[PDB]
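S.K.: One structure follows; several queries about it will come next.
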Amino acid sequence: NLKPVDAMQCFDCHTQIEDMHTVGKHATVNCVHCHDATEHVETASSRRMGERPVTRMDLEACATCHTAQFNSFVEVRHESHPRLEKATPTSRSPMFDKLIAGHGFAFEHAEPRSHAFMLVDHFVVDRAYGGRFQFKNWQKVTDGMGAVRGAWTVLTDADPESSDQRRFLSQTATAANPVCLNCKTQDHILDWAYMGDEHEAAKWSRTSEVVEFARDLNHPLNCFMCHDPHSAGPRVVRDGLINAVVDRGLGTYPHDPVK
Amino acid sequence: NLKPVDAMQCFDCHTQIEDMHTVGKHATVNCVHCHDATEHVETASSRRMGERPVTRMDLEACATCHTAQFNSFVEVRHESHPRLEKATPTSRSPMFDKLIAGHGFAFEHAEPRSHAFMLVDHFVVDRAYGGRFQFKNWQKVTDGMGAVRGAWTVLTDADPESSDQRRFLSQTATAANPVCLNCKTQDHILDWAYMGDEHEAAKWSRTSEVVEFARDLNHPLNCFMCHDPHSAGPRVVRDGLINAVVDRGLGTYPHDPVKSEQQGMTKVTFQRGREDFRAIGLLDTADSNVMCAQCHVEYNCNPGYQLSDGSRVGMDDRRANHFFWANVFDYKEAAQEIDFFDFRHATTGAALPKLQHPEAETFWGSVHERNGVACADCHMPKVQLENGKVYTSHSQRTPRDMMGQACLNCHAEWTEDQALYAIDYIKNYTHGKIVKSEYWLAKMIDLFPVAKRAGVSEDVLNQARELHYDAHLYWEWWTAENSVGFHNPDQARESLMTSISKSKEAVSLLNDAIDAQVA
Amino acid sequence: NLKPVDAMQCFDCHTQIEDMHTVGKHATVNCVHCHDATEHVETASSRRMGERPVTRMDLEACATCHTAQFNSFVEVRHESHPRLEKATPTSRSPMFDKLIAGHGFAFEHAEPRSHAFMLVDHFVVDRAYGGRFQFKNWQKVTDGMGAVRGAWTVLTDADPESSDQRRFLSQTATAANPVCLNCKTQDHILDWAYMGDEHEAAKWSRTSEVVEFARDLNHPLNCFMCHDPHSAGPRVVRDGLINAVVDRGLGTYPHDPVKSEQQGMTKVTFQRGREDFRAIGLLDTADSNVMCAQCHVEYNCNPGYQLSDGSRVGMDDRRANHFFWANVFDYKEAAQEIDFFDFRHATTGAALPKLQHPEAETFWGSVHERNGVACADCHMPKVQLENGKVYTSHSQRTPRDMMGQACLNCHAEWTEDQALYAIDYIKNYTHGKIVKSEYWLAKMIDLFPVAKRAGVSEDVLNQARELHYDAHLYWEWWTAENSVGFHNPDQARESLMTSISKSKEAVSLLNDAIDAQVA
Ligand code: HEC
Ligand code: HEC
Ligand code: HEC
Ligand code: HEC
Ligand code: HEC
Ligand code: HEC
Ligand code: HEC
Ligand code: HEC
Ligand code: HEC
Ligand code: HEC
Ligand code: HEC
Ligand code: HEC
Ligand code: HEC
Ligand code: HEC
Ligand SMILES: O=S([O-])[O-]
Ligand SMILES: O=S([O-])[O-]
Ligand SMILES: O=S([O-])[O-]
Ligand SMILES: O=S([O-])[O-]
Ligand SMILES: [Ca+2]
Ligand SMILES: [Ca+2]
Ligand SMILES: [Ca+2]
Ligand SMILES: [Ca+2]
Ligand SMILES: [Ca+2]
Ligand code: NA
Ligand code: NA
Ligand code: NA
Ligand code: NA
Ligand code: NA
Ligand code: NA
Ligand code: NA
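This is how it looks when you write it as structure tokens:
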């Protein structure tokens with residue numbers, strides 16, 4: 005069973021977290037729900053991390069107290085046709101191939117389906133990784149809950165021994181890069197510097213080998229993308245959005261300064 | 005927003021809570037979710053309460069983190085007919101009035117409906133409070149969530165100025181007493197000593213003014229009735245059940261010492277002033293059979309009379325709060341064991357028992373119980389989801405509404421229609437024997453005034469009255485029990501055949517005696 | 005094809021019609037739609053009819069221009085069980101035969117079905133005409149449109165050669181008389197003097213041979229019963245209702261003088277030979293409460309007896325056509341006011357009233373009536389159309405079939421299931437008290453022969469008979485009334501509790517008296 009940690013000890017070093025946590029609607033929610041900090045706390049100073057604490061990024065971290073939101077999130081809408089190519093006469097763009105010729109989307113561009121699949125679908129689409137990643141079998145395409153538990157529980161890698169982008173199937177492309185992942189998962193939220201700029205503290209950046217990066221990522225659309233886990237208040241985490249809205253001064257509603 | 009309190013401070017005085025809280029699945033759940041103890045902490049001493057902390061007993065205290073269980077619990081099953089009188093030709097007991105004459109249930113006995121309404125229905129039923137309490141208007145009868153938020157949000161009191169039980173409408177009774185409430189709410193869990201015995205720490209007891217007690221109570225079927233709020237482990241809190249299982253050493257399965265040992269109960273006592281005050285029964289397993297047995301049992305919760313001498317047994321007597329914890333065929337011996345009966349029949353003068361919804365005692369020994377099946381398997385099954393986190397449905401209702409999750413989950417050889425047909429075979433057959441038992445009971449009852457008026461001897465009338473006790477018991481168990489035989493079809497059949505046998509014997513006895521007086 | 009007549013010619017003699025016709029919403033509707041007056045116009049004088057014009061009374065006279073109202077009116081609700089006897093354990097009054105013994109309704113009293121059938125059902129029911137009239141075959145029972153086209157298109161007469169009321173089948177009665185027909189048809193509207201009093205201009209009256217009268221009548225619930233054909237304004241035509249509201253000055257809402265004034269009735273009289281002959285009541289507003297009260301009321305439409313001396317009150321007496329226009333708690337006083345009762349109970353010998361479908365008098369004072377709600381809001385709501393011209397549904401039926409247009413149109417906080425559940429709460433509760441009132445009534449009734457045979461005194465039997473009157477009234481109102489309490493749940497509850505109180509008092513009285521005779 006989970007044993008709570010003394011959050012007051014954390015707060016002696018983590019003052020920005022204290023200011024958020026103590027005031028919001030997660031003031032009673034202990035750190036141990038999402039952080040394994042035993043070795044960290046034994047070795048840190050306020051100026052030196054010491055051992056890196058482990059942070060849970062899976063959606064079931066929130067599902068224990070917020071089952072209703074989690075269960076509605078992971079539902080698969082079966083009526084949202086899966087793997088349906090847009091460049092067909094009965095879909096969105098009957099002449100897409102002629103019009104887009106020269107772009108990687110010609111290799112495959114399907115209609116979106118339920119959010120549970122976003123990361124797996126990113127990994128398997130013909131335009132992304134040269135066909136490197138596939139569902140373990142054709143049955144796994146139905147498993148939204150499985151995808152949510154982790155992409156690598158439902159996918160295989162054609163060559164675990166290499167990390168370069170290349171074609172494993174003839175009519176595929178290798179368009180994926182580390183920026184794509186920011187709109188599929190935020191598992192890397194502590195390992196990616198703002199905008200994906202190079203940074204001493206970042207494991208991953210815009211110039212990483214996307215295949216290696218992919219292997220570190222598991223969960224789609226993390227609940228903390230819209231909800232700060234410390235304050236429980238509404239937020240965004242996506243760097244490009246903050247950059248447009250704040251850094252470039254465009255505002256949340258560029259056409260409406262009052263709003 | 006809630007601010008967490010320092011639980012270490014509490015634990016310095018509350019070692020039983022520390023031992024439970026730090027070790028279970030609520031170890032990270034702060035006391036402030038359920039307790040406002042600011043003034044308490046400022047004034048308590050090592051073993052005196054000082055200022056009383058405020059304890060939340062509303063179910064939304066748990067709904068905070070367990071929305072799915074809460075929302076399934078509060079669902080109203082509109083198909084469960086509301087306020088439907090059982091003494092009607094289309095309900096459970098067509099001849100109930102004749103057979104129960106003398107008892108307060110003659111004033112009204114409706115079929116059960118959804119659990120959300122249990123406390124308000126207790127308050128408003130015609131037999132309970134003289135019609136004192138009513139819904140604020142006739143629209144409120146639909147409002148399950150409202151009733152859950154609190155009885156007094158949806159009800160009115162005809163006279164806030166008085167506290168005595170009395171009749172405000174002519175055809176009502178005042179049967180309610182404080183024991184009733186234990187099977188409707190546990191809002192009083194900190195204000196009621198074990199068994200309702202007098203106790204200097206208890207605001208309320210068996211002898212309290214029930215109208216005053218009623219006004220203090222709000223919520224139905226509190227989530228903590230089955231789940232310890234500190235350890236989150238399975239438990240019961242009902243005094244009468246702990247008394248039968250533990251104090252009387254009968255076991256959770258009285259017919260099965262092994263199962264009783266494997267699926268047992270540990271009584272945990274809390275003290276006030278270092279004197280025993282209240283108790284809970286922690287369960288070895290999350291055994292719904294025992295959890296639901298907190299209420300779905302035959303019981304005393306009322307005054308009565310002694311079988312030996314007919315003297316009154318009042319609310320002050322321990323027997324006014326009693327779980328017999330006996331099947332239909334051990335019941336007469338259990339009632340003799342405490343020297344108790346409920347009422348004298350208004351027509352026959354027989355001393356008779358009053359039977360209450362004995363689902364737990366009926367389910368014992370059934371093929372299902374013997375195979376390790378429990379109430380929740382049929383009435384609170386796990387939800388099946390194409391994609392999602394599984395949880396237990398808390399909408400306690402007929403398995404007819406969820407046959408795939410209930411019956412068919414174990415009976416793979418049946419379609420839904422076949423499983424429903426199996427249920428109906430048993431219920432139809434049992435109901436036919438209920439109706440025939442009533443026919444014979446009524447035929448016997450109607451001969452009593454004829455016998456008395458023909459001058460048949462008291463000795464013969466008393467023999468017939470002895471037969472009436474048994475004819476009544478072996479019938480009433482089954483109009484009281486809610487499954488119409490399904491929970492134990494062989495037992496229902498044998499009991500109801502015994503009722504008919506007893507009535508037939510009495511009919512012959514009386515007819516012969518009458519005919520002799522005439523000739 | 006129809007050719008219009010010169011209405012100016014008619015108006016020269018018919019000034020009352022000119023005043024109504026030229027001003028209302030039928031100012032452009034030519035007389036030829038409803039009147040063939042060629043020979044009349046050739047022979048009439050200023051104040052003698054001469055040849056009688058032919059007046060169309062069939063509903064298709066209106067369907068010509070009002071197809072939607074006509075087609076909704078004639079719809080048969082197949083879910084309204086046809087020819088379903090109320091004295092059965094699964095209908096309204098399980099103990100009806102015991103309780104009504106002595107009255108002609110013992111021969112047959114079915115639940116109401118769709119309005120299309122009212123006249124044919126009146127003609128064929130076992131209690132009415134000795135079984136004289138029958139459907140032509142058993143297939144005709146489905147034919148609502150056929151019945152609307154005319155009763156005699158779908159029925160036969162066992163003996164066209166005789167005109168006396170008599171029994172053609174053994175277990176029938178001959179309760180029908182000419183007053184009945186006023187609540188089944190108004191085909192006789194020009195042939196029946198106000199109240200059915202003798203009148204030299206009337207073909208038919210209270211004292212007519214009903215079999216001969218029956219043969220002259222064809223159509224159910226004529227459209228003009230609620231709508232004046234000349235002005236198209238709202239009205240009533242029923243004599244008994246105009247008598248209560250206007251002649252007796254009771255008002256359309258007898259408990260509310262203001263509402264009575266705002267929603268009142270103006271009596272308009274038509275003469276023959278310059279003597280008053282017939283009357284209508286023009287309504288200030290299109291108030292369905294008063295329109296439906298032409299028939300859905302408690303009434304006398306039959307011979308009876310005087311309470312004072314037991315003497316016969318025959319069809320010749322004004323009291324044989326009477327609207328009490330009184331709620332259940334004012335009824336006994338209203339019956340004493342005219343010194344009248346219906347029958348003597350066959351077992352108890354009590355003088356008793358017979359109660360008829362008192363929906364109007366029950367609805368008074370309910371939360372709905374007090375809030376300005378009227379029968380049509382629930383039973384004839386406006387049609388809701390995605391695209392179209394709105395009209396009023398004339399399919400008078402339970403709101404269960406049109407919950408969106410009825411209940412939910414005002415109760416936006418409820419789903420359909422919740423609103424149905426609210427209805428069922430009241431109906432279930434009320435039906436339980438009906439059944440219990442019957443139980444107590446039957447227990448009392450069965451003691452009468454025992455008391456008489458034990459030699460209990462006439463004085464005690466007469467006290468019990470007085471109690472029987474009240475026990476009967478406070479029960480029978482509710483098996484007569486069609487909503488099972490829904491129209492006024494608090495009143496149903498108080499009345500039925502009073503019935504039980506009265507029966508209980510009588511049971512105790514008789515049991516004690518019997519026991520004293522034995523000892
Ligand atoms: C139980 C130990 C929790 C864990 C794990 C998570 N949350 Fe939570 N959350 C919890 C509580 C007791 C509350 C307060 C409820 C109230 O209304 O009083 C919350 C609240 C939220 C909210 C709403 C906050 C607001 O300002 O409106 C959100 C959006 C929320 N919680 C999100 C959330 C996330 C994303 C979690 C996983 C990272 C998570 N919670 C875990 C209890 C618990
Ligand atoms: C029994 C005779 C089967 C019938 C009828 C259907 N399926 Fe099947 N399928 C069956 C087996 C034994 C397997 C292999 C299972 C394993 O994991 O070893 C499968 C596999 C599939 C797959 C995956 C195929 C792949 O190349 O990965 C799919 C998508 C699938 N099955 C679907 C499916 C459908 C839709 C069926 C009705 C049209 C169907 N199966 C019938 C056995 C049997
Ligand atoms: C945020 C600004 C995004 C970036 C960066 C990437 N994607 Fe995306 N993706 C995004 C949305 C809002 C959607 C759903 C709406 C839609 O029109 O599809 C998607 C969907 C996909 C899918 C599934 C559908 C499809 O196009 O076949 C795939 C396979 C996918 N995205 C792949 C992908 C790649 C390879 C990216 C980097 C080159 C990439 N996405 C970035 C939002 C965003
Ligand atoms: C010693 C100085 C105490 C401190 C610190 C806390 N509590 Fe207490 N509490 C104390 C006593 C002596 C009693 C009477 C029971 C007993 O153990 O002798 C209590 C009682 C309670 C209760 C029950 C109240 C009721 O209505 O019956 C609760 C719910 C409770 N206490 C809670 C509580 C909390 C949450 C504390 C930390 C904030 C806390 N107590 C500290 C003594 C002492
Ligand atoms: C959030 C601050 C919670 C409050 C308020 C309540 N509960 Fe809880 N509960 C919470 C957590 C984080 C967990 C652990 C989940 C897991 O499986 O790890 C639980 C667990 C339970 C359980 C399951 C217990 C078991 O032994 O498996 C139960 C039955 C339970 N909780 C009940 C419960 C009750 C009755 C509450 C109101 C008194 C209540 N919880 C509040 C979080 C929170
Ligand atoms: C637990 C041992 C109980 C005691 C003590 C009381 N009741 Fe009860 N009650 C209990 C159950 C399990 C049920 C549902 C099953 C059933 O057969 O009804 C009920 C139901 C009611 C109801 C609703 C149905 C009805 O009978 O009208 C009412 C109104 C009610 N109970 C009232 C009531 C009174 C007045 C009590 C003290 C005399 C009482 N209950 C005690 C379980 C238990
Ligand atoms: C006894 C009549 C119960 C009441 C009152 C409540 N719950 Fe319950 N709960 C009950 C059972 C039989 C079970 C299944 C036990 C098993 O292991 O099979 C549960 C389970 C839970 C859980 C655990 C997670 C799950 O399986 O859903 C939780 C968190 C829970 N219950 C919460 C809960 C709430 C919030 C309640 C009040 C609305 C509540 N329970 C009451 C039995 C009973
Ligand atoms: C006392 C606190 C109870 C507990 C514990 C359990 N039940 Fe119950 N139940 C109780 C009452 C007072 C009522 C009637 C409520 C009313 O307002 O009339 C009931 C009712 C039921 C029903 C009928 C529901 C319906 O749709 O008609 C069922 C199926 C039922 N109870 C089952 C049940 C189960 C399986 C329980 C253990 C999980 C359980 N109940 C506990 C009182 C109490
Ligand atoms: C066509 C030649 C008609 C015949 C035959 C009948 N009615 Fe009529 N009706 C007709 C017209 C043109 C109108 C006016 C429509 C408008 O709203 O302007 C009406 C109106 C009515 C009304 C509404 C009256 C009101 O005060 O709002 C009613 C109730 C009505 N008509 C009834 C009615 C009856 C009962 C008929 C058979 C006796 C009948 N109409 C025949 C046209 C025609
Ligand atoms: C052909 C093989 C038929 C079957 C199948 C059904 N019916 Fe019939 N029915 C049939 C005939 C030739 C007749 C006589 C028609 C006539 O007017 O001469 C009937 C009659 C009836 C009746 C009237 C009975 C009577 O008046 O005594 C009814 C009520 C009736 N039919 C109903 C009916 C039902 C409900 C059927 C299915 C159960 C049915 N019929 C079948 C021919 C045939
Ligand atoms: C208006 C004051 C009426 C008088 C006069 C008569 N009836 Fe009636 N009847 C009336 C209504 C509003 C209803 C439907 C509501 C109900 O409770 O039935 C009826 C119904 C009938 C029926 C059908 C149902 C049944 O009772 O079998 C029949 C056969 C019937 N009425 C016959 C009848 C007789 C014989 C009358 C004179 C003795 C008589 N009705 C008068 C309203 C009124
Ligand atoms: C009393 C029992 C009625 C009978 C008989 C008929 N109608 Fe009616 N009508 C009635 C009411 C309560 C209303 C609604 C009044 C309001 O203003 O709310 C109506 C309305 C009409 C209208 C007006 C247009 C409309 O709203 O639909 C017409 C044209 C009409 N009724 C025609 C009509 C016909 C053709 C009838 C015989 C089939 C008929 N009405 C009978 C009440 C009553
Ligand atoms: C006398 C001419 C009546 C008028 C005016 C109204 N009603 Fe009536 N109603 C009457 C009878 C004789 C019957 C029974 C007909 C039969 O053949 O059995 C009825 C019946 C009803 C019903 C029941 C319909 C069903 O589906 O079972 C309803 C709902 C009803 N009546 C309502 C009603 C309303 C609202 C009226 C004013 C608009 C109204 N009726 C007038 C006799 C007469
Ligand atoms: C508007 C024309 C309404 C129609 C149609 C229905 N109802 Fe109604 N109802 C209406 C009002 C204005 C009120 C009073 C609201 C208040 O709180 O002041 C009501 C009341 C009720 C009640 C309560 C009755 C009581 O307490 O005595 C009930 C049970 C009710 N309404 C139910 C109901 C049903 C089932 C309806 C369709 C058959 C229905 N109402 C229609 C307004 C209107
Ligand atoms: O805390 S007191 O008991 O010394
Ligand atoms: O009265 S309760 O026990 O059903
Ligand atoms: O028309 S006559 O009366 O002169
Ligand atoms: O007989 S009629 O009044 O129902
Ligand atoms: Ca889609
Ligand atoms: Ca039920
Ligand atoms: Ca009992
Ligand atoms: Ca009907
Ligand atoms: Ca009458
Ligand atoms: Na789609
Ligand atoms: Na398409
Ligand atoms: Na039911
Ligand atoms: Na039934
Ligand atoms: Na009898
Ligand atoms: Na019906
Ligand atoms: Na019925």
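Residue numbers (the entry's author numbering), protein chains in the order written: chain A, 5 to 263; chain B, 5 to 523; chain B', 5 to 523. A prime marks a further copy of an entry chain.
Every residue gets a Cβ at the ideal spot worked out from N, C-alpha and C, and that includes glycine.
1) Between B':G150 and the rest of its own chain, which residues show a CB-CB distance below 7 angstroms, the 5 nearest in sequence each way excluded?
2) For a contact meaning CB atoms closer than 7 angstroms, what does B:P86 contact in chain B'?
3) Applying the criterion that 16 or more other CB atoms from any shown protein chain within 10 Å of the CB defines a buried residue, is B:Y425 buried or exposed?
4) Could you give the DSSP three-state label for B:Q266: helix, strand or coil?
5) On the criterion of 16 or more Cβ atoms from any shown chain inside 10 Å, does B:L6 qualify as buried, or is it exposed?
6) Does the region 220-228 of chain B come close enough to the region 62-71 of chain B that 3 or more CB-CB pairs lie under 8 angstroms?
7) Around ligand 21, what residues have a beta-carbon under 7 angstroms from a heavy atom of it, in chain order?
8) For B':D405, return the contacting residues in chain B, with the cut-off set at a CB-CB distance below 8 angstroms.
9) Short of 8 angstroms Cβ to Cβ, which residues in the region 10-30 of chain B face chain A?
10) Evaluate B:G459 with the Cβ neighbour count: other Cβ atoms within 10 Å of its Cβ, from every protein chain shown; 16 or more gives buried, anything less gives exposed.
11) My assumption, with CB atoms under 8 angstroms, is that A:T178 sits in contact with A:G244. Please give the rounded CB distance.
12) B:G392 by DSSP, collapsed to three states: which one?
13) Rounded to whole angstroms, what is the Cα-Cα separation between B:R404 and B:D428?
14) Are B':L500 and B':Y478 closer than 8 angstroms when you measure CB to CB?
15) Which residues are close to ligand 4, meaning CB closer than 6 angstroms to any heavy atom, in chain order?
16) May I ask you to list the residues that DSSP assigns as paired with B':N304?
17) Is the beta carbon of B':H70 within less than 7 angstroms of some heavy atom of ligand 12?
M.R.: So, from the listed chains and residues:
1) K144, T157, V158
2) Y425, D428, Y429, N432
3) exposed
4) helix
5) exposed
6) yes
7) B:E302, B:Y303, B:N304, B:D346, B:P357, B:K358, B:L359, B:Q360
8) Chain B residues near B':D405: none, gap ~18 angstroms exceeds 8 angstroms.
9) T26, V27, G28, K29
10) exposed
11) Actually they are not in contact, since the Cβ atoms of A:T178 and A:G244 sit about 22 angstroms apart, beyond 8 angstroms.
12) coil
13) 11 angstroms
14) yes
15) B:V9, B:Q13, B:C14, B:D16, B:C17, B:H18, B:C35, B:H39, B:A41, B:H44, B:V45, B:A48, B:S49, B:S50, B:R51, B:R52, B:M53, B:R56, B:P57, B:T59, B:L194, B:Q275, B:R276
16) B':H326
17) yes
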